[PDB]
C-alpha cells in the first residue's frame with residue numbers, strides 16, 4: 001500500500017439509513033467541541 | 101469557536117444502522133485507495 005500521511009478532503013455529514021455499510025469516521029460530540037466541527041464543515045482526513 | 105487546524109484521532113469503521121443520526125465523514129472507495137485506508141485503520145481528522 002501507500003506510505004502513511006496522505007490525506008483527502010471531505011465534509012462532515014449526518015449519517016442516514018442509506019449510509020449503512022459505508023466506511024466512515026464517527027465524530028463524537030466531545031471531539032466536535034474540541035476541534036470546532038459542525039455538520040457541513042470541511043475536514044481533512046489523514047492516514048496515520 | 102476554536103481556531104481551525106485542530107485534530108483528533110479515530111478509527112475507520114463500517115457504518116451500521118445504529119449509527120443513523122451520528123456525525124460522520126464518509127470515505128468513498130476511490131479515496132480509500134488513494135490514501136491507503138482499510139476499515140480499522142487509525143486516521144487523524146483536522147478541521148480546515
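Residue numbers (the working numbering), protein chains in the order written: chain A, 1 to 48; chain B, 101 to 148.
Even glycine gets a Cβ: it sits at the ideal position worked out from N, Cα and C.
Quick one: what does DSSP say residue i is sitting in, helix, strand or coil?
i                      : result
residue 110 of chain B : strand
residue 48 of chain A  : coil
residue 16 of chain A  : coil
residue 124 of chain B : strand
residue 142 of chain B : strand
Check the C-beta distance from residue i over to residue j and give it rounded, since I have them as a contact under 8 Å.
i                      : j                      : result
residue 22 of chain A  : residue 136 of chain B : At roughly 18 Å, the Cβ-Cβ gap does not stay under 8 Å, so residue 22 of chain A and residue 136 of chain B are not in contact.
residue 119 of chain B : residue 27 of chain A  : Actually they are not in contact, since the Cβ atoms of residue 119 of chain B and residue 27 of chain A sit about 11 Å apart, beyond 8 Å.
Below 7 Å CB to CB, which residues in the same chain sit around residue i once its five sequence neighbours on both sides are set aside?
i                      : result
residue 133 of chain B : none
residue 29 of chain A  : none
Please return the same chain residues whose Cβ sits closer than 8 Å to the Cβ of residue i, not counting the five positions on each side in sequence.
i                      : result
residue 11 of chain A  : 40, 41, 42, 43
residue 1 of chain A   : none
residue 131 of chain B : 137
Q) Can you find at least 3 beta carbon pairs, one from the region 1 to 9 of chain A and one from the region 110 to 125 of chain B, that sit closer than 8 Å? A) no
Q: Could you tell me whether the region 36 to 43 of chain A touches the region 134 to 144 of chain B, using the rule of 3 or more Cβ pairs below 8 Å?
A: no
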